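Shown below, as structure tokens, is a lone chain in the form solved without the named molecule; questions about how it binds or moves come after it.
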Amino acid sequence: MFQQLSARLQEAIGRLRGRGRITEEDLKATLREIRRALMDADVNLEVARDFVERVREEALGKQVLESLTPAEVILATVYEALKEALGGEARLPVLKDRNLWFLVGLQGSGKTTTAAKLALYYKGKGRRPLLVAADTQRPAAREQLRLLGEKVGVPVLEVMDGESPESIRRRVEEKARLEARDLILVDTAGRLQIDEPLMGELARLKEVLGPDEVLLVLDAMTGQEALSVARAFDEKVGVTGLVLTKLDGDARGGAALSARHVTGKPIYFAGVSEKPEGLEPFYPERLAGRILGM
């Protein structure tokens, strides 16, 4: 992922390698390429500025201009700027005995499938998850998950058309109790665009169900724009974390690098492939190093 960005960053940094001490201009030439690289990867402007700013200052502060291995110093400062942009330290929801999570996002963002892959992931971690297809208007949506549930071997309770949250809560709580499901994953309704009506019902569903986490699923491929919807969902519902899908298909990386600044929400998981196991915890340090070819 981020093949373009990765290559460029490494090419800019290498210009300072194997040629003795470098000058301020040698350093600046490289810094410009880094900037240009971030800009071409659809990276948030403030993020890109801060990025390059600390790379230069931290590098200078490490006497990079008197270093015999300047490129190595720069590689280290770039890694740190990258680590910050991606979230610093990795994090995942803290699970309790009873967990109920909301998977929110636009239709086509990978939301429904993520629900299933997430169910499979924790299932393999010793949890007894229960998928809940919360779309009360579209029977098609509910069927998609139903099919996904059997594919990953996890029960799927389907809400009835026009079912009230109160009724939904009752049937869901009952099934979980009688079947001993400790992780309840609710796939909320999704539409190609954010529509005030649904958002209002969504807020009520949260109100009635009291989710422990609210995961906003985003299509990393849509670049920086993917982050646009974030504020809407958080202001009306309340997002606790992010999930970027199709990272293996993203050559830029603008969304993953900008997520933090734009949404202020942590990226819990990442969609690394179309396979059912193509969902894994997001590791900022690991990803920072991989981009820099370490």
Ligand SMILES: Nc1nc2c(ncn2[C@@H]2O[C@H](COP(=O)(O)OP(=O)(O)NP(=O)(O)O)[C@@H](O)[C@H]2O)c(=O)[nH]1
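Residues carry their position along the shown sequence, with the first being 1.
The form deposited with the named molecule bound exists for this protein as well; it is not shown, and the discussion that follows is about that form.
- Think of it this way: in the deposited complex, the named molecule has a heavy atom of just one of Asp26, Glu58, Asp248, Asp234 within 4.5 Å, and the residue is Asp248.
- Contact with the named molecule in the deposited complex, judged by any heavy atom within 4.5 Å, is made by just one of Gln224, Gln144, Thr77, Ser164: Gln144.
- Annotation: in the deposited complex, residues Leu31, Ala37 and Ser258 none come within 4.5 Å of the named molecule through any heavy atom.
- Contact with the named molecule, judged by heavy atoms within 4.5 Å in the deposited complex, is confined among 165-173, 118-126, 186-194, 67-75 to 186-194.
- Contact annotation for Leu106: at least one heavy atom lies within 4.5 Å of the named molecule in the deposited complex.
- The named molecule is not shown here, and in the deposited complex it never comes within 4.5 Å of any heavy atom of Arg181.
- In the deposited complex, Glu274 approaches the named molecule with a heavy atom inside 4.5 Å.
- Remark: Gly110 counts among the residues lining the named molecule in the deposited complex, judged by a heavy atom distance of 4.5 Å or less.
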